[PDB]
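Before any questions on how it binds or moves, here is one chain, the form solved without ligand 3S5, in structure tokens.
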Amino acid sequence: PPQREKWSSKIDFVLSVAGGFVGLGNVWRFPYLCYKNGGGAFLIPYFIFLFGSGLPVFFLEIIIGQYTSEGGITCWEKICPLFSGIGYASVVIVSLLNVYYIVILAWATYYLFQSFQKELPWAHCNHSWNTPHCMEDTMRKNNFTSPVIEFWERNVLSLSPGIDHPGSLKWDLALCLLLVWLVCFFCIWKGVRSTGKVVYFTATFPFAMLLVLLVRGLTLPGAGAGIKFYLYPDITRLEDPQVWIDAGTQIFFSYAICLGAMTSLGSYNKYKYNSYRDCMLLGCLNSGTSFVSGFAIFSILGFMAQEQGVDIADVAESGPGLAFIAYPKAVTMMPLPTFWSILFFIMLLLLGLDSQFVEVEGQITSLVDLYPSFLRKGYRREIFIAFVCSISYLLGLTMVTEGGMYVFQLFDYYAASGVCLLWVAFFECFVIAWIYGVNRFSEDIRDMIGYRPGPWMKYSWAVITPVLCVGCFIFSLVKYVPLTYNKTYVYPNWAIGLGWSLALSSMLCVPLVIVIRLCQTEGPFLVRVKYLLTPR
């Protein structure tokens, strides 16, 4: 088999994370998770997980990739072969994430194609998909729903009144999802990655458009009330466990933690490459992107609350369609709104596409690290690219149906951004800190970076990330409140069971692999554990 390649440049690693873990989890997910959990009170567990767990486990995952020169799963066969199920857990998480993430890009593409005509369809109440309750935004103050909300709910989503009624497959979103999957297949199976083009247009224009949205949102009237909602916290909201777990999994979501993606991108690093300053600068880039886009979108929501004469927490969707309400509403107040809509949904497509390329690459890299000499370079590996893309498309068709928004919120809360992320992050930190050793891994890091990680990273992998993950997990279990879509829908018991099935299929890769390896090896159980804890 051919040897595993390294990056062609120092900036090829940096541009693969900066498009990889700086994506829709910043401009789309952090806004509605902040919105749904009260705005101000979301930021305290956000920053607690960001410093205690986010950047530490992000650098930990990249530096695990750099040490082992392996991606996702087989990186754990040189650290602790007993806990190799962290890799399979990461692969399950990244597969479910690939499915619903590409569904987000399908919604963005449908908004992009619906932006091509000269009048934006979410701007006025004259269309077939609206209701008699439709009042224009300016006419609200002079049970009324805005045109952006009914556009999102009744043209894009075509929202059935339950998950029990899937309705019919929306061929608009189905063809949009197929187009984005053909784009993802053409950027992996060709292996282009736009190496001569991602230096400027990919790297800057999403952030330039985010700055444009910042300037637009701060100039809307009533943006100060929205920023007050965004920043000023409710301490009584922190007593509820959803704020803590939602912020922690948003941190573990934005950073591509528990996915194998950052191990895979770190696996292409050179051995004697200082990843620490790159990891810190790019983590600051990711968290700053989320926090800046939060300022923009919550200034827009404060304007929307001012214009419609309703409270800030009730003006838009407390669910996964906030970036498709507030941001299009802000687009409808830019000069020449059609062109700015085209640029915005090209922004969301660029961010989500760069992410989806990077985590599809991480999933493929993990699954070819499992089997060398089978998916070598082509004529068998290229078929498996199309197989992964086709199965993830067919699983993504369940979020295209008229009740597929509920399936999306199920996947988003449970499949790849919930207790599964806390589970795998706790197991990564526990393995590295105690079964490998903070001092042994620090010796490895000094051997290859140049210096040992400080008392921040060492004590974060040792104590802080395990206590945060264990506390948030048991705090969500002992004060359990079930999943609700847009604060009004109550999910049925089979839907909560399906979400827990996705989460546990992410979780149960670790105990299944532990039991499988403790059953395969011969000897007494203490000898079996002591053999499987030794790295290979």
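Only the largest set of C-alpha atoms that superpose within 1.5 Å between the two forms is called the rigid core. Each residue number is its position in the shown sequence, starting from 1.
Trainee: Our gap detector needs a label for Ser373 to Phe374. Which class matches the unmodelled residues of the deposited sequence there: none, 1 to 3, 4 to 9, or 10 or more?
Mentor: Gap between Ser373 and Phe374: none.
There is another form of this protein, the form solved in complex with ligand 3S5, and it is not shown here; the text below is about that form.
Trainee: Using a 4.5 Å heavy atom cut-off, state whether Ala256 contacts ligand 3S5 in the deposited bound form.
Mentor: It does: once ligand 3S5 is placed as it appears in the deposited bound form, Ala256 has a heavy atom within 4.5 Å of it.
Trainee: Does at least one non-hydrogen atom of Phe298 fall within 4.5 angstroms of ligand 3S5 in the deposited bound form?
Mentor: Although ligand 3S5 is absent here, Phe298 would stay clear of it in the deposited bound form, with no heavy atoms inside 4.5 Å.
Trainee: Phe252 near ligand 3S5 in the deposited bound form, any heavy atom under 4.5 Å?
Mentor: Within the cut-off, so yes.
Trainee: Determine whether any heavy atom of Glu359 comes within 4.5 Å of a heavy atom of ligand 3S5 in the deposited bound form, and answer yes or no.
Mentor: Judged by the heavy-atom cut-off of 4.5 Å, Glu359 is in contact with ligand 3S5 in the deposited bound form.
Trainee: Under a 4.5 angstroms heavy atom criterion, identify the one residue in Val103, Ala316, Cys75, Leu97 near ligand 3S5 in the deposited bound form.
Mentor: Of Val103, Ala316, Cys75, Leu97, the residue with a heavy atom within 4.5 Å of ligand 3S5 in the deposited bound form is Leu97.
Trainee: Find the only residue in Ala108, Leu421, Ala326, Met405 having a heavy atom within 4.5 Å of ligand 3S5 in the deposited bound form.
Mentor: Result of the distance check: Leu421.
Trainee: Could you pull out the residues of 23-53 that have any heavy atom within 4.5 Å of ligand 3S5 in the deposited bound form?
Mentor: Result: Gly23, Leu24, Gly25, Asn26.
Trainee: Using a core superposition, identify the member of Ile149, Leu375, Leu220, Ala305 whose Cα displacement between the shown form and the other one reaches 2 Å or more.
Mentor: Looking at each option in turn, only one qualifies, and it is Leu375.
Trainee: Superposing on the rigid core, does the Cα of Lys197 end up 2 Å or more away between the shown form and the other one?
Mentor: Yes; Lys197 is a residue whose C-alpha shifts (by 2 Å or more) between the shown form and the other one when the cores are overlaid.
Trainee: Using a rigid core superposition, assess whether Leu24 undergoes a CA shift of 2 Å or more between the shown form and the other one.
Mentor: Comparing the forms between the shown form and the other one, which are aligned on their rigid core, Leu24 does not shift its C-alpha by 2 Å or more.
Trainee: Considering a change of 3 Å or more, are the Cα atoms of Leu421 and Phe21 closer or farther in the deposited bound form than here?
Mentor: Farther apart, by at least 3 Å.
Trainee: Work out whether the Cα atoms of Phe21 and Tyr200 come closer together or move farther apart in the deposited bound form than they are in this form, the change being 3 angstroms or more.
Mentor: The answer is closer, because the C-alphas of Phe21 and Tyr200 approach each other in the deposited bound form by 3 Å or more.
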